[PDB]
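First comes the structure, then the notes that go with it.
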Amino acid sequence: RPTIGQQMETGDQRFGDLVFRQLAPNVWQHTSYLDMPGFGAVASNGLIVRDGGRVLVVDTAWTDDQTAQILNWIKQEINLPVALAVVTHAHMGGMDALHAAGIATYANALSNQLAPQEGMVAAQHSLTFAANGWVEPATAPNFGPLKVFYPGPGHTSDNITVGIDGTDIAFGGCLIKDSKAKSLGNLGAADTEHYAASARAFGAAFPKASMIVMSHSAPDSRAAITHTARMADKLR
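In the entry's author numbering, the protein residues as written are 32 to 122, 126 to 270.
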């Protein structure tokens, strides 16, 4: 996979076939790659957050092996216990690795409901959401700076998003595409009626976030939210 070298920027750390980019004093992006027919290596991004004496993870890598490597990198570079992980959609591949490491995992109740038919291991805990989209705090105990928001159905019915309190960063998962994207990608499980409003709701939930991190593109400005919503407008 020679795609990794083209993708790396100054300051990125390669660890096996994983790449880590520091985004803030206590936040890193993790990136893994999967060879997909007719496209070669495709990037998937998540977050690693150092919160005092512990680490919080958002999303697995594509695979269990890659996810184990993320945990290896955390041990080496941060050396704090990983307390919990939040997974933002059912599509994840590395749940077993998190569980093997004794990390408590959380996902939208709907993600957990969809997991078996997707061939995914469910998270151990289900998040539920108020009618305003905000996670019910009893379902997300001790989440530290992670602010979890369900913006409505978009790329998938279960997609959730995560703001990192006290930073410029919000994570849009698969809902948000970068501001240069040519399409919204795979819409097979999308709600094409509500997608545009859901993308805008994510923006309104984290209005101060200037760095938008996403599942399949490098971090971008809020132009990513605007562009995603406008592409989504066209599907209605």
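In this text, a Cβ means the ideal position worked out from N, Cα and C, and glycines have one as well.
Cutoff 6 Å; reference residue i; Cβ partners in own chain excluding five residues on either side
| i | result |
| --- | --- |
| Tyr184 | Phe163, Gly167, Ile194 |
| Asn142 | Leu161, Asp192, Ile194 |
| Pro112 | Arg85 |
| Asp66 | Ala72 |
| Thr139 | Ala116, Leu132, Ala157, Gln158 |
Where the beta strand (DSSP E) containing residue i begins and where it ends
| i | result |
| --- | --- |
| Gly197 | 195-198 |
| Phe46 | 44-46 |
| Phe183 | 180-183 |
| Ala252 | Unbroken run through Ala252: none, as it is neither H nor E. |
Bridge-paired residues (DSSP) for residue i
| i | result |
| --- | --- |
| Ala141 | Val118, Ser160 |
| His61 | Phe51, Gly77 |
| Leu87 | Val80, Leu115 |
| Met245 | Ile203 |
| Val169 | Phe163 |
| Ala72 | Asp66 |
Residue i - containing alpha helix (DSSP H), residue span
| i | result |
| --- | --- |
| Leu102 | 95-108 |
| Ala204 | It is not in any alpha helix (DSSP H) - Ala204 instead sits in the beta strand (DSSP E) that spans 203-205. |
| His133 | 129-134 |
| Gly237 | 229-239 |
| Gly36 | 34-38 |
Interface flag, residue i vs chain D, CB-CB below 9 Å
| i | result |
| --- | --- |
| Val247 | No chain D is part of this structure, which consists of one protein chain only. |
Proximity below 9 Å, CB of residue i to CB of residue j
| i | j | result |
| --- | --- | --- |
| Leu221 | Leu269 | yes |
| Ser145 | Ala156 | yes |
| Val117 | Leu180 | yes |
| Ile79 | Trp93 | no |
| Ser232 | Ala257 | no |
| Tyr64 | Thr41 | no |
| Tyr229 | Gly188 | yes |
| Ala224 | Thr190 | yes |
| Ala74 | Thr91 | no |
| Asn76 | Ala114 | no |
| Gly128 | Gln97 | yes |
| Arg32 | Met39 | no |
| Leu87 | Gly186 | no |
| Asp130 | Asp95 | yes |
Close-in-space but distant-in-sequence residues of the same chain around residue i (CB under 7 Å, 5 per side omitted)
| i | result |
| --- | --- |
| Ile203 | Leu54, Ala55, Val58, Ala243, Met245, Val247 |
| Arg81 | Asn57, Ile109, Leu111 |
| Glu152 | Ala121, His122 |
| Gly47 | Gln100 |
| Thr201 | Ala55, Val58 |
Close Cβ partners of residue i (< 8 Å) along its chain, the five nearest in sequence each way excluded
| i | result |
| --- | --- |
| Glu170 | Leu161, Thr162, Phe163, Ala164 |
| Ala172 | none |
| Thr226 | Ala266, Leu269, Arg270 |
| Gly83 | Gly178 |
| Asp212 | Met248, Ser251, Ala252, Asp254, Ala258, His261 |
>> Using a Cβ distance threshold of 8 Å, determine whether the segment 40-57 contacts the segment 95-113, with at least three qualifying pairs required.
In response: Remark: three or more beta-carbon pairs, one from each stretch, lie closer than 8 Å, so the segment 40-57 and the segment 95-113 are flagged as touching.
> Is the segment 196-209 touching the segment 248-267 in the sense that three or more CB pairs, one from each, lie closer than 8 Å?
Replying inline: Taking 8 Å as the limit for Cβ pairs, the verdict is that the segment 196-209 does touch the segment 248-267.
> Are three or more beta carbon pairs between the segment 211-222 and the segment 236-245 nearer than 8 Å?
Replying inline: Counting C-beta pairs closer than 8 Å gives fewer than three between the segment 211-222 and the segment 236-245, which falls short of the contact rule.
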